[PDB]
Each structure stands twice: as C-alpha cells, then as structure tokens.
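So the structure is just underneath, and the comments pick up after that.
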Amino acid sequence: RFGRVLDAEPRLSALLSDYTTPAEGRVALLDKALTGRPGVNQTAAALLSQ
Amino acid sequence: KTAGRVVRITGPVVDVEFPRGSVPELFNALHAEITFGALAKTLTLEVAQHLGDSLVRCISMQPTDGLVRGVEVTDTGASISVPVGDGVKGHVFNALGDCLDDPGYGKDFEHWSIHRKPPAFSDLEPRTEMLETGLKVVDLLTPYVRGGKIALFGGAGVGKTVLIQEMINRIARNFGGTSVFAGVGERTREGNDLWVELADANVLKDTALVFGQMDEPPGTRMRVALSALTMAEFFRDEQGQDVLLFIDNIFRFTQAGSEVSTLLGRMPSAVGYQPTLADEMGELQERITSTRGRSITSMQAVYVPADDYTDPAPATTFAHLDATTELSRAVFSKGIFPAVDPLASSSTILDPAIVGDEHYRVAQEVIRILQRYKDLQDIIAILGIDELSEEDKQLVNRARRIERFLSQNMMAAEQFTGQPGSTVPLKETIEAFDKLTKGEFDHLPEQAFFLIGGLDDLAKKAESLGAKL
Amino acid sequence: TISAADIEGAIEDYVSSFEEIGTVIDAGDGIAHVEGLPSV
Ligand SMILES: Nc1ncnc2c1ncn2[C@@H]1O[C@H](COP(=O)(O)OP(=O)(O)OP(=O)(O)O)[C@@H](O)[C@H]1O
Ligand SMILES: [Mg+2]
C-alpha cells in the first residue's frame with residue numbers, strides 16, 4: 001500500500017528521494033505525511049523510515 | 001501539479017525534470033519564464049531527447065540568457081505550431097508563427113504542427129515539365145523543372161541571393177499561385193530589403209515570409225525552415241494551389257543542426273558535423289516535394305563553406321534536387337554573371353526526351369567545348385594560347401566567346417550596375433548557341449558577348465565596339 | 001486511510017522550513033567550476 005500511494009504521489013517520493021537534506025528531517029516528513037497514521041503497522045513504519 | 005523544472009542549462013540546450021508519467025513527448029513545446037529585467041521573456045523549448053530518470057533534453061528557440069535552474073517548465077502538450085490559411089499571405093512571421101509586421105495577427109487562424117511525415121511514396125510522381133526562366137545559361141544547360149526542386153550552390157558572395165531575387169522576379173512575379181519565402185540564417189537587412197521590394201512590386205500580397213536570421217539561437221535557425229515548409233504544405237495539400245517555395249539558406253539549417261548536436265552531447269561526425277546530418281536533411285527535404293496533382297516549385301540557395309564543394313552539408317544536399325545551378329568563385333572572378341559553372345551544374349530534364357533533340361545537341365556541344373577549354377587551361381596558364389594547334393586555338397576562341405555569352409544582364413542586377421535586365425526566349429537561346437558552336441560569330445570581339453541578352457543585343461554591342469554582325 | 005491533503009499539510013511545512021555564496025571546486029586554463037549559487 002505504501003508503494004502504491006508513493007506511486008500515486010510521485011512528487012512526494014521525489015521530495016523524499018533526496019539525501020541532500022538531513023535524514024531526520026525527511027524521516028519526520030514521512031512520519032507526518034504517510035507513516036504517522038492510525039492504522040500503519042509499527043514494523044512497516046520502522047522499516048520504511050529506516 | 002505536473003510541470004517540470006529546469007535542472008541544467010548549457011546555452012540553448014536545457015535539461016528539464018518532470019514527474020514520472022508526465023514526461024513530454026518528443027518535439028513537444030514547453031514554456032519557461034525568464035524574469036530578469038532586460039531579458040524577461042517566455043522560452044519555447046522543443047523536446048529533443050529522453051535522458052531517463054524523467055529528464056528531457058530540449059532545444060530553446062530564444063536565447064536562454066537569464067534563465068535560472070529550478071524554474072517551472074510547463075508542457076504545452078503538443079509541438080510547435082504555426083498559423084495556416086490564406087491569411088498568412090502578405091505578412092511576415094518568425095519561426096514560432098508570431099507575426100512581426102503586425103503583432104497578434106494570425107493568432108485566431110488554424111494552426112498546423114511544424115512536424116509531419118513526408119508524403120506517402122505512392123503519392124510521389126516525377127516531374128519533368130520545363131520551367132522557362134529567360135536566363136540563357138539556366139534555360140540551356142540546367143533547365144529548371146516546374147514542380148521540381150532547384151538549388152543554387154555557391155561560396156561566400158558569388159551571387160546566390162541575387163539569383164534568388166532574379167528568380168523571384170522572373171517566376172513569382174507573374175505567378176498564379178502562392179509563394180512562401182523562408183529566410184534561414186541570413187542577413188536580417190536582406191529580409192527587410194525583400195519585404196520592401198515585394199511590397200513595391202505588389203507580389204507581397206501573394207507571398208508569406210518567414211524569417212529566422214543570423215542573430216537567432218540555433219534552435220530557431222533549424223526550425224524556421226520547418227515553419228515555412230508547413231505553410232507551403234498547407235497551401236499544397238489543402239487549397240490545391242501551385243506553391244513557390246524560396247529558401248535562403250538551407251546550409252544554415254544544417255549548420256544550426258550541427259551546433260545543436262554539439263550542445264546535445266552527440267558524438268561528432270566528419271568535419272565536426274552532427275551524426276544525423278543526412279537524416280535531418282532528408283527529413284526536411286522529402287517534405288519539400290510535389291505530389292500527384294499538387295505542385296511545389298522549390299528553389300533553395302545552398303552555401304558552400306570555404307568554397308569547399310565536398311563539405312558534407314552541400315554534398316548531402318545534392319541528392320535532393322532536380323536541378324542544380326553551381327555558382328563558381330572562378331566564374332565570378334571573371335566577372336561573368338550569373339557566375340554559373342556550366343560544367344558542374346546539372347538538370348534531370350536535360351535529355352533529348354524532354355527538351356527535344358536540338359536543345360540537347362546544342363547543350364552538349366556547348367558543354368564539350370567548355371570541357372575542352374577547361375582541359376587546355378593547364379597549357380594556357382603557362383604558354384598562352386599560341387602553342388596550341390589550329391583546331392585547339394579555334395576551339396579556345398569559341399569557348400571564350402561561349403562562356404562570355406552565358407553571362408547575362410539580370411533583372412536583379414540593375415540595382416548594382418544600373419543596367420536593366422534582359423529576357424531571352426528559349427528558342428532564341430538555342431539558335432544563338434547553335435550559331436556560336438558553329439563559329440558564326442568568331443569574328444566578333446569577345447566583349448561583344450558580355451552581359452547581353454539575345455542576338456539583337458549581340459549585334460548592337462558588336463556594332464558599338466566596331467564589328468558588324 | 002490516506003487523506004491526500006495531510007500530505008500537503010506536511011510537505012509545505014517541510015519546504016517552508018528551508019546572500020548566496022559559491023565555492024570554487026576546480027580551476028584550470030581560464031575555466032572555473034563553482035558549487036552553490038542555486039539562484040544564479
Ligand atoms: N548579377 C549580378 N550583377 C552584378 N553584381 C552582382 C550580381 N550578382 C551578384 N553581384 C554582386 O555580388 C554581391 C553578392 O551577391 P549575393 O548577395 O547575391 O551573394 P551570395 O552568394 O548570396 O552571398 P553571401 O554568401 O554573402 O550570402 C552582390 O552584392 C553584388 O555586389
Ligand atoms: Mg546571400
């Protein structure tokens with residue numbers, strides 16, 4: 001599902017797909033946008049974040 | 001949204017990154033914005049390559065000075081299009097279709113993409129109807145084809161543009177169809193002169209002018225020919241009207257292609273030209289063509305760099321022509337106008353089947369005499385004429401008279417010399433050169449044959465010199 | 001399960017969280033290469 005939603009939003013992936021910015025910032029962005037949601041599985045969340 | 005952003009700028013070439021699934025198709029037009037004060041404008045980029053990673057390399061039509069990395073780039077969703085219809089006649093356009101003599105004109109017209117395939121092979125039919133110009137050398141040795149393709153080759157300053165003007169006067173003036181002039185990488189003041197001249201001669205109302213001149217980026221200089229050819233194609237395929245298409249200069253289209261190829265990172269071919277030189281030239285040229293029942297007479301001036309006729313550009317251009325006038329530096333040096341090289345020029349319709357037996361015989365005899373004179377030049381440069389045999393001396397005198405008589409006072413030459421031009425009927429030309437080849441004028445002085453029309457002019461000038469015809 | 005609007009609420013916040021000086025990275029024979037100056 002995360003793959004599908006990232007595919008739907010290519011611009012979100014492109015913003016997340018740069019290492020020119022600190023890792024913690026993009027991890028926080030991912031948490032706020034997609035991963036940090038009521039139903040997201042904890043293990044999937046941690047895996048995607050790392 | 002779905003707009004790309006500029007990632008790389010290398011002069012006219014721009015790399016643009018798009019979101020996945022929004023990569024524009026090849027040749028699509030894209031719009032960017034330069035916001036710097038004096039250079040503020042909208043750039044039109046033509047997609048040229050897909051680089052992968054949702055990147056497209058594009059050729060800018062306007063200078064990219066002032067463009068910034070990361071600026072939004074919008075995809076028009078189509079290719080560059082130009083206005084078409086009867087409305088284009090009488091107006092001046094640029095490569096992008098903008099009207100110059102009246103901005104905003106033609107925005108409501110039907111617009112045609114400047115990119116299209118050539119006519120299907122099954123619709124092609126060879127053309128062999130002679131086009132009489134009234135120039136002795138052209139009518140005799142390189143008869144032009146109505147509905148065919150004619151070219152004028154020549155180095156710097158040998159008279160290509162003046163001959164194009166001459167042919168506009170001799171053909172487009174009393175022409176029932178439409179005319180399209182495509183200035184391609186030539187002098188801008190020449191475009192202004194042509195505009196004013198066509199207005200004065202009242203031919204402008206039947207002519208559409210498209211100019212992408214020297215001070216333009218290579219993208220514009222390689223697409224302006226397509227734009228003008230698109231207007232000509234509309235007139236050929238939609239109104240069924242005979243079309244004249246003058247192009248000056250097509251070598252500049254090839255040169256702009258070479259510059260773009262260098263910027264696009266393509267590996268250079270021989271003499272630094274683009275690897276796709278012949279392919280680009282063929283894609284352009286095969287569109288310039290008559291079809292069954294639809295006539296385009298096209299006349300293209302081809303620049304020869306450094307007088308080198310073996311340069312790849314003209315070398316590949318040669319194959320796309322029905323008639324080829326070759327202007328020579330040596331003939332120009334002798335003062336012979338038009339400075340046509342009668343031995344290197346050719347016409348596909350100069351055979352006894354088309355032009356008749358006597359026309360062919362006279363042309364072949366003239367060519368033989370001039371070829372023998374060319375052969376004897378090696379001896380003559382050292383020892384002069386007096387070491388030759390009597391036969392060769394007579395032939396050399398005849399050849400010098402013939403080469404002088406192939407010159408002519410052109411209509412477009414009046415502005416230079418003040419002398420009005422002359423028109424020679426084809427029958428009179430054949431009769432006169434038959435008489436020359438048989439030595440009926442050998443007694444007249446050589447200068448009697450220089451820059452004149454028919455036999456009456458020959459008699460008058462010979463009398464003024466002192467010899468009676 | 002996906003709002004598709006909270007995505008904006010987070011990405012705009014991230015981007016908003018972000019004179020220009022470049023640095024010569026290499027130089028030779030009348031040519032120089034500069035890193036930085038994103039707005040040049
Ligand atoms: N028929 C002619 N009679 C007299 N002078 C001529 C004639 N044709 C050309 N010239 C002279 O040669 C000059 C160059 O002519 P023209 O501009 O037609 O050459 P071109 O081959 O198009 O040159 P370029 O390579 O600069 O575009 C003219 O300005 C004029 O000086
Ligand atoms: Mg010229």
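Ordering of the structure tokens sets the chain letters (A, B, ...); residue numbers start at 1 within each chain; ligands are numbered from 1 in the order shown.
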Can you work out which residues from chain C touch chain A at a cut-off of 12 Å (counting only C-alpha atoms) and hand them back as a CSV table (one decimal) with C-alpha atoms, in the first residue's frame?
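Listing of part.csv after writing:
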```csv
chain,number,residue,atom,x,y,z
C,1,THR,CA,-6.8,5.7,5.2
C,2,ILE,CA,-4.9,8.2,3.2
C,3,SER,CA,-6.2,11.8,3.3
C,4,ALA,CA,-4.1,13.1,0.4
C,5,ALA,CA,-4.4,16.5,2.0
C,6,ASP,CA,-2.4,15.9,5.1
C,7,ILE,CA,0.4,15.1,2.6
C,8,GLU,CA,0.3,18.8,1.6
C,9,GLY,CA,0.0,19.9,5.2
C,10,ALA,CA,3.3,18.2,5.9
C,11,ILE,CA,5.3,18.8,2.7
C,12,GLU,CA,4.5,22.5,2.6
C,13,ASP,CA,5.5,22.7,6.3
C,14,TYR,CA,8.8,20.9,5.5
C,15,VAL,CA,9.7,23.0,2.4
C,17,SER,CA,11.3,25.1,6.9
C,18,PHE,CA,14.1,25.7,4.3
```
**OP:** Residues up to 7 Å from ligand 1, counting only C-alpha atoms and all ligand atoms: could you list those as number ranges by chain?
**Re:** B: 154-163, 186, 303, 337-338, 409-410, 412-413, 416-417
Original post:
chain B residues within 10 Å of chain C, counting only C-alpha atoms: which ones, as a PyMOL selection string?
Top reply: chain B and resi 66-71
Using N, CA and C atoms, can you write the selected residues to a file as a compact mmCIF listing (two decimals), in the first residue's frame?
```txt
# COMPACT_ATOMS: atom_id res chain seq x y z
N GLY B 66 19.78 34.57 -18.71
CA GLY B 66 18.90 34.95 -17.63
C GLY B 66 18.09 33.82 -17.05
N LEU B 67 18.09 32.65 -17.67
CA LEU B 67 17.32 31.52 -17.16
C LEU B 67 17.98 30.94 -15.91
N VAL B 68 17.14 30.52 -14.96
CA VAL B 68 17.60 30.04 -13.67
C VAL B 68 17.28 28.56 -13.54
N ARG B 69 18.10 27.86 -12.78
CA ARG B 69 17.82 26.45 -12.50
C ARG B 69 16.64 26.33 -11.55
N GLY B 70 15.79 25.34 -11.81
CA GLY B 70 14.66 25.07 -10.95
C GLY B 70 13.39 25.81 -11.29
N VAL B 71 13.40 26.68 -12.29
CA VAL B 71 12.18 27.39 -12.65
C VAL B 71 11.19 26.42 -13.27
```
Subject >> Spatial neighbours of residue 222 of chain B, max dist 7 Å, only C-alpha atoms, sep filter under 2 positions, as a PyMOL selection string >> reply: chain B and resi 218-220+224-225+253+256-257
Original post:
Quick one: which residues from chain A are at most 10 Å off chain B, using only C-alpha atoms, as a list in words?
Top reply: residues 7, 8, 9, 10, 11, 13 and 14 of chain A
**OP:** List every residue of segment 36-219 of chain B that DSSP, applied to the backbone, labels as strand (DSSP E or B), and write the result as an MDAnalysis selection string.
**Re:** chainID B and resid 41:52 55:60 72:79 81:84 92:93 99 110:113 130:131 144:145 149:154 178:184 207:212
Pull C-alpha atoms from the residues just selected and write them as an mmCIF file, in the first residue's frame.
```
data_model
loop_
_atom_site.group_PDB
_atom_site.id
_atom_site.type_symbol
_atom_site.label_atom_id
_atom_site.label_comp_id
_atom_site.auth_asym_id
_atom_site.auth_seq_id
_atom_site.Cartn_x
_atom_site.Cartn_y
_atom_site.Cartn_z
ATOM 1 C CA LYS B 41 10.617 36.622 -21.861
ATOM 2 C CA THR B 42 8.960 33.235 -22.311
ATOM 3 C CA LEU B 43 11.209 30.470 -23.627
ATOM 4 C CA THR B 44 9.843 27.853 -26.014
ATOM 5 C CA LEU B 45 11.775 24.600 -25.597
ATOM 6 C CA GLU B 46 11.365 21.768 -28.096
ATOM 7 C CA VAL B 47 11.861 18.356 -26.513
ATOM 8 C CA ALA B 48 14.765 16.671 -28.284
ATOM 9 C CA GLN B 49 15.759 13.647 -26.192
ATOM 10 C CA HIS B 50 14.574 11.497 -23.313
ATOM 11 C CA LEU B 51 17.544 11.088 -20.972
ATOM 12 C CA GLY B 52 15.912 8.726 -18.486
ATOM 13 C CA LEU B 55 14.604 14.024 -17.746
ATOM 14 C CA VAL B 56 14.192 15.588 -21.186
ATOM 15 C CA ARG B 57 16.799 17.496 -23.162
ATOM 16 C CA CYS B 58 15.230 20.368 -25.093
ATOM 17 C CA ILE B 59 16.356 22.967 -27.623
ATOM 18 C CA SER B 60 15.442 26.558 -26.816
ATOM 19 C CA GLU B 72 8.861 25.784 -13.520
ATOM 20 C CA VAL B 73 8.523 24.393 -17.046
ATOM 21 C CA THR B 74 5.057 23.791 -18.487
ATOM 22 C CA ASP B 75 4.273 21.284 -21.238
ATOM 23 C CA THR B 76 2.001 22.627 -23.971
ATOM 24 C CA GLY B 77 1.099 19.019 -24.789
ATOM 25 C CA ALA B 78 1.850 19.451 -28.497
ATOM 26 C CA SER B 79 4.623 20.518 -30.843
ATOM 27 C CA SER B 81 2.548 25.076 -34.453
ATOM 28 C CA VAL B 82 2.252 27.921 -36.943
ATOM 29 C CA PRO B 83 -0.790 29.697 -38.417
ATOM 30 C CA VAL B 84 -2.030 28.476 -41.784
ATOM 31 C CA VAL B 92 5.976 38.395 -42.035
ATOM 32 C CA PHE B 93 6.298 35.669 -39.407
ATOM 33 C CA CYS B 99 3.525 37.959 -36.844
ATOM 34 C CA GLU B 110 -5.909 27.398 -37.945
ATOM 35 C CA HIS B 111 -2.579 26.194 -36.577
ATOM 36 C CA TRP B 112 -0.577 23.306 -38.014
ATOM 37 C CA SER B 113 2.205 21.471 -36.224
ATOM 38 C CA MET B 130 10.428 22.539 -68.047
ATOM 39 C CA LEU B 131 10.278 25.898 -66.269
ATOM 40 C CA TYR B 144 14.596 24.143 -64.269
ATOM 41 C CA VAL B 145 11.641 21.867 -63.533
ATOM 42 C CA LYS B 149 13.430 21.070 -56.715
ATOM 43 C CA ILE B 150 16.104 23.569 -57.757
ATOM 44 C CA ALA B 151 19.229 24.546 -55.844
ATOM 45 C CA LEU B 152 21.807 27.322 -56.154
ATOM 46 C CA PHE B 153 25.171 26.373 -54.668
ATOM 47 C CA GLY B 154 27.945 28.845 -54.049
ATOM 48 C CA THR B 178 1.148 31.305 -53.792
ATOM 49 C CA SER B 179 4.746 31.931 -52.776
ATOM 50 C CA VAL B 180 6.489 31.193 -49.487
ATOM 51 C CA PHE B 181 9.883 32.694 -48.685
ATOM 52 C CA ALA B 182 11.907 31.194 -45.831
ATOM 53 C CA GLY B 183 14.850 33.268 -44.676
ATOM 54 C CA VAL B 184 17.019 30.751 -42.823
ATOM 55 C CA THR B 207 3.692 35.811 -50.529
ATOM 56 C CA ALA B 208 4.199 34.539 -46.990
ATOM 57 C CA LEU B 209 7.562 35.432 -45.441
ATOM 58 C CA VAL B 210 9.092 33.546 -42.505
ATOM 59 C CA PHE B 211 12.431 34.744 -41.125
ATOM 60 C CA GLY B 212 14.821 33.152 -38.700
#
```
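Atom pair atom CA of residue 119 of chain B / atom CA of residue 80 of chain B has a distance of 20.0 Å (rounded to one decimal).
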Original post:
Which of segment 348-444 of chain B counts as alpha helix (DSSP H) under DSSP, as a ChimeraX atom specification please?
Top reply: /B:352-355,357-383,390-405,414-417,426-437
**OP:** Excluding segment 24-27 of chain C and any residue of its chain fewer than 5 positions from it, enumerate the residues within 12 Å of it, using only C-alpha atoms, and give them as a PyMOL selection string.
**Re:** chain C and resi 32-37
**OP:** Rank nothing, just name the residue among B:251, B:273, B:373, B:405 nearest to ligand 2, using only C-alpha atoms and all ligand atoms.
**Re:**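 Among the listed residues, the smallest separation from ligand 2 belongs to B:251.
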**OP:** Enter the distance from atom CA of residue 369 of chain B to atom CA of residue 460 of chain B, in Å, rounded to one decimal.
**Re:**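 Spanning atom CA of residue 369 of chain B to atom CA of residue 460 of chain B is a straight-line distance of 25.6 Å.
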Subject >> For atom CA of residue 327 of chain B and atom CA of residue 250 of chain B, the interatomic separation in Å (one decimal) >> reply: 15.6 Å
If we count only C-alpha atoms and set the cut-off at 8 Å, which residues sit around segment 397-401 of chain B, ignoring sequence neighbours fewer than 2 positions away in its own chain? Please answer as an mmCIF file with N, CA and C atoms, in the first residue's frame.
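Once written, result_11.cif looks like this:
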```cif
data_model
loop_
_atom_site.group_PDB
_atom_site.id
_atom_site.type_symbol
_atom_site.label_atom_id
_atom_site.label_comp_id
_atom_site.auth_asym_id
_atom_site.auth_seq_id
_atom_site.Cartn_x
_atom_site.Cartn_y
_atom_site.Cartn_z
ATOM 1 N N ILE B 369 32.674 21.932 -75.731
ATOM 2 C CA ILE B 369 33.637 22.996 -75.990
ATOM 3 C C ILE B 369 34.198 23.531 -74.680
ATOM 4 N N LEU B 370 33.328 23.764 -73.697
ATOM 5 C CA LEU B 370 33.799 24.294 -72.424
ATOM 6 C C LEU B 370 34.679 23.286 -71.694
ATOM 7 N N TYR B 373 38.067 23.467 -73.254
ATOM 8 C CA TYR B 373 38.750 24.666 -72.780
ATOM 9 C C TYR B 373 39.276 24.469 -71.363
ATOM 10 N N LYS B 393 43.182 26.265 -81.020
ATOM 11 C CA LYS B 393 43.080 27.720 -80.949
ATOM 12 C C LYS B 393 41.676 28.182 -81.316
ATOM 13 N N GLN B 394 41.129 27.630 -82.398
ATOM 14 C CA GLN B 394 39.770 27.970 -82.789
ATOM 15 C C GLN B 394 38.781 27.588 -81.699
ATOM 16 N N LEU B 395 38.948 26.398 -81.121
ATOM 17 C CA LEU B 395 38.055 25.967 -80.056
ATOM 18 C C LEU B 395 38.160 26.881 -78.847
ATOM 19 N N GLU B 403 31.537 31.233 -73.109
ATOM 20 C CA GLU B 403 31.455 31.492 -71.679
ATOM 21 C C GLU B 403 31.073 32.936 -71.402
ATOM 22 N N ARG B 404 31.493 33.874 -72.253
ATOM 23 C CA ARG B 404 31.014 35.241 -72.086
ATOM 24 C C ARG B 404 29.532 35.355 -72.427
ATOM 25 N N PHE B 405 29.072 34.622 -73.440
ATOM 26 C CA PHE B 405 27.677 34.726 -73.844
ATOM 27 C C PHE B 405 26.737 34.024 -72.878
ATOM 28 N N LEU B 436 26.891 30.029 -82.238
ATOM 29 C CA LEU B 436 28.198 30.140 -81.593
ATOM 30 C C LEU B 436 29.011 28.865 -81.764
ATOM 31 N N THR B 437 28.415 27.716 -81.446
ATOM 32 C CA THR B 437 29.161 26.465 -81.504
ATOM 33 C C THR B 437 29.654 26.174 -82.912
ATOM 34 N N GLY B 439 30.692 28.558 -84.948
ATOM 35 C CA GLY B 439 31.655 29.572 -85.326
ATOM 36 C C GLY B 439 31.119 30.661 -86.224
ATOM 37 N N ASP B 442 32.605 34.073 -84.692
ATOM 38 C CA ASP B 442 34.006 34.082 -84.282
ATOM 39 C C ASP B 442 34.678 35.413 -84.580
ATOM 40 N N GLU B 446 35.372 39.482 -78.228
ATOM 41 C CA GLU B 446 34.870 38.734 -77.081
ATOM 42 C C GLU B 446 33.914 39.576 -76.248
ATOM 43 N N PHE B 449 30.043 39.747 -76.415
ATOM 44 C CA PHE B 449 29.171 38.710 -75.882
ATOM 45 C C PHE B 449 28.908 38.855 -74.392
#
```
Subject >> Exercise: residue 363 of chain B partners within 10 Å, only C-alpha atoms, chain neighbours under 3 positions left out, as a ChimeraX atom specification >> reply: /B:137,139-142,342,350-351,357-360,366-368,430,433-434,437
N, CA, C and O atoms of the current selection, written as a short mmCIF file (atom, residue, chain, number, x, y, z; two decimals), in the first residue's frame:
```cif
data_model
loop_
_atom_site.label_atom_id
_atom_site.label_comp_id
_atom_site.auth_asym_id
_atom_site.auth_seq_id
_atom_site.Cartn_x
_atom_site.Cartn_y
_atom_site.Cartn_z
N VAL B 137 21.92 30.73 -69.58
CA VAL B 137 22.66 29.60 -69.03
C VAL B 137 21.71 28.60 -68.38
O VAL B 137 21.82 27.39 -68.59
N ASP B 139 18.36 28.21 -68.85
CA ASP B 139 17.45 27.58 -69.80
C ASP B 139 18.17 26.57 -70.69
O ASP B 139 17.58 25.56 -71.08
N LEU B 140 19.44 26.83 -71.00
CA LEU B 140 20.16 25.95 -71.92
C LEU B 140 20.75 24.75 -71.20
O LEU B 140 20.45 23.60 -71.53
N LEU B 141 21.60 24.99 -70.20
CA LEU B 141 22.41 23.92 -69.63
C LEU B 141 21.80 23.29 -68.39
O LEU B 141 22.10 22.13 -68.10
N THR B 142 20.97 24.01 -67.64
CA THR B 142 20.36 23.48 -66.42
C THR B 142 18.89 23.85 -66.40
O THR B 142 18.43 24.59 -65.52
N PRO B 342 29.11 26.09 -65.76
CA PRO B 342 28.29 25.28 -66.67
C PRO B 342 28.66 23.81 -66.69
O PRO B 342 27.86 23.00 -67.16
N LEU B 350 17.46 17.60 -68.64
CA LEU B 350 18.29 17.92 -69.80
C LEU B 350 18.66 16.61 -70.48
O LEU B 350 19.78 16.10 -70.37
N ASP B 351 17.68 16.05 -71.18
CA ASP B 351 17.86 14.87 -72.01
C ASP B 351 17.02 15.04 -73.26
O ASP B 351 16.02 15.77 -73.24
N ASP B 357 15.52 17.28 -79.35
CA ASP B 357 16.81 16.83 -79.86
C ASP B 357 17.76 18.00 -80.09
O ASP B 357 18.95 17.90 -79.80
N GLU B 358 17.25 19.12 -80.62
CA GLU B 358 18.14 20.25 -80.92
C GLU B 358 18.62 20.93 -79.64
O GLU B 358 19.80 21.29 -79.54
N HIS B 359 17.73 21.14 -78.68
CA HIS B 359 18.15 21.69 -77.39
C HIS B 359 19.26 20.84 -76.79
O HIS B 359 20.30 21.36 -76.36
N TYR B 360 19.06 19.52 -76.77
CA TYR B 360 20.06 18.64 -76.19
C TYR B 360 21.37 18.70 -76.97
O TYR B 360 22.45 18.75 -76.37
N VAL B 366 27.95 22.82 -76.43
CA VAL B 366 28.49 23.86 -75.57
C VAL B 366 29.30 23.24 -74.44
O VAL B 366 30.41 23.70 -74.12
N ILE B 367 28.76 22.19 -73.82
CA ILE B 367 29.46 21.55 -72.71
C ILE B 367 30.77 20.95 -73.19
O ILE B 367 31.79 21.02 -72.49
N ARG B 368 30.78 20.33 -74.37
CA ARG B 368 32.01 19.74 -74.89
C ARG B 368 33.07 20.81 -75.13
O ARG B 368 34.24 20.62 -74.77
N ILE B 430 18.64 28.72 -77.98
CA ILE B 430 19.13 27.54 -78.68
C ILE B 430 19.71 27.94 -80.03
O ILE B 430 20.79 27.49 -80.41
N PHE B 433 23.16 29.80 -79.45
CA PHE B 433 24.28 28.96 -79.05
C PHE B 433 24.62 27.94 -80.13
O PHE B 433 25.78 27.52 -80.23
N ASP B 434 23.65 27.54 -80.94
CA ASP B 434 23.96 26.74 -82.12
C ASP B 434 24.87 27.52 -83.06
O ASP B 434 25.84 26.97 -83.60
N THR B 437 28.42 27.72 -81.45
CA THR B 437 29.16 26.46 -81.50
C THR B 437 29.65 26.17 -82.91
O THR B 437 30.65 25.46 -83.08
#
```
**OP:** Please provide as a list in words all residues within 8 Å of residue 234 of chain B, with the sequence filter that same-chain residues fewer than 4 positions apart are discarded (counting only C-alpha atoms).
**Re:**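 Result of the neighbour search: residues 84, 85, 230, 238 and 239 of chain B.
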Let me see the file: selected residues, C-alpha atoms, as an mmCIF file, in the first residue's frame.
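selection-v6.cif, freshly written:
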```cif
data_model
loop_
_atom_site.group_PDB
_atom_site.id
_atom_site.type_symbol
_atom_site.label_atom_id
_atom_site.label_comp_id
_atom_site.auth_asym_id
_atom_site.auth_seq_id
_atom_site.Cartn_x
_atom_site.Cartn_y
_atom_site.Cartn_z
ATOM 1 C CA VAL B 84 -2.030 28.476 -41.784
ATOM 2 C CA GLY B 85 -4.571 29.728 -44.294
ATOM 3 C CA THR B 230 4.415 23.921 -43.069
ATOM 4 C CA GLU B 238 -5.469 21.956 -48.535
ATOM 5 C CA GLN B 239 -6.100 24.600 -51.210
#
```
